[PDB]
Protein chains: 2
Amino acid sequence: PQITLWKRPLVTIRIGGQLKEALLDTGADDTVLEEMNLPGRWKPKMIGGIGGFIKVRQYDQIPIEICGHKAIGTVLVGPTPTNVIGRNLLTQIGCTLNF
Amino acid sequence: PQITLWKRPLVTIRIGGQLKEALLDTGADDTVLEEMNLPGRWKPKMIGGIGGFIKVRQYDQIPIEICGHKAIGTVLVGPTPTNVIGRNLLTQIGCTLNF
Ligand SMILES: C[C@H](c1ccccc1)[C@H](C[C@H](O)CN1CCN(Cc2ccc3c(c2)OCO3)C[C@H]1C(=O)NC(C)(C)C)C(=O)N[C@H]1c2ccccc2C[C@H]1O
């Protein structure tokens, strides 16, 4: 579809069996999800945002459905105010910016 | 243009008569640039993102050229890790997300 930017570009995603709302963020290099108890092994990581760094948990090869489009990749889980779908996954669903 | 997301969506902007590089950020509500001098009065403001809040200077109705397209709106200046073009200006140049 085509998403305008008058408001935050929020979409429905499916991960670990749960449906959530996530922001399509072209400015984010990685995908960061709100704290959730995902199964599997993970490794610690520090990611930097506008006002500093936060500590997150990195999970690899996690299947995720974005607005009906299947994708699979790395997901970082930590104390984020909102779920963020970054470029690592946006490229997978063939998302582009146009003007 | 149509921009893919395999690489950071960076573009050249012209502001205050100077050239700079900036990130097209659909996850950013406002536009924030690195510390620099801008003509006109400014008001102190606080914006929050991942990592926390930072103090910035708000300049209103500032003309800015983004990749050849003209826009005139609010521009925040402060200790941001990188130059970001948010939705307030992206909407002015008719930017949309597509997939
Ligand atoms: C989700 C987040 C959000 C928080 C709270 C409410 C809504 C969205 C967005 C994110 C922003 O799109 C992308 N942002 C641009 C600057 N660079 C910087 C960067 C680059 C390189 C780095 C680094 C940090 O650290 C080490 O290397 C960080 C990047 C970011 O936060 N990335 C991760 C992977 C951690 C998610 C964000 O910060 N948004 C705010 C925002 C932004 C600008 C102006 C106004 C406002 C208000 C908000 O909308």
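Reckoned from all heavy atoms, side chains included, excluding hydrogens, waters and symmetry mates. Reminder, nothing fancy here: chain letters follow the sequence lines and each chain counts from 1.
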Would [X] end up clustered with [Y] when hydrophobic side chains under 4.5 Å apart are linked, directly or stepwise?
| X | Y | answer |
| --- | --- | --- |
| B:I47 | B:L38 | no |
| A:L23 | A:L33 | no |
| B:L76 | B:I64 | no |
| A:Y59 | A:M36 | yes |

Given the options B:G48, B:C67, B:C95, which has more heavy-atom pairs under 4.5 Å with chain A than any of the others?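 Most pairs with chain A among the choices: B:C95.
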Give the interface residues of residues 4-18 of chain A toward chain B, defined by a heavy-atom separation under 4.5 Å. A:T4, A:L5, A:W6, A:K7, A:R8, A:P9
Strictly less than 4.5 Å between heavy atoms, which residues of residues 78-94 of chain A line up against chain B? Please order them by number. A:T80, A:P81, A:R87, A:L90, A:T91, A:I93, A:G94
How long is the straight-line distance from CG of B:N98 back to CD1 of A:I3, given to the nearest 0.5 Å?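 It is 8.5 Å, given to the nearest 0.5 Å.
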CD1 (A:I50) and CD1 (B:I54) are apart, to the nearest 0.5 Å, by 5.0 Å
Sub-4.5 Å side-chain heavy-atom contact between B:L24 and A:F99: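 Yes, side chains in contact.
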For B:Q61, does the CD atom sit with more than 12 other heavy atoms under 6.0 Å from it, leaving out its own atoms?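 Atom CD in B:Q61 is not crowded, with 12 or fewer foreign heavy atoms closer than 6.0 Å.
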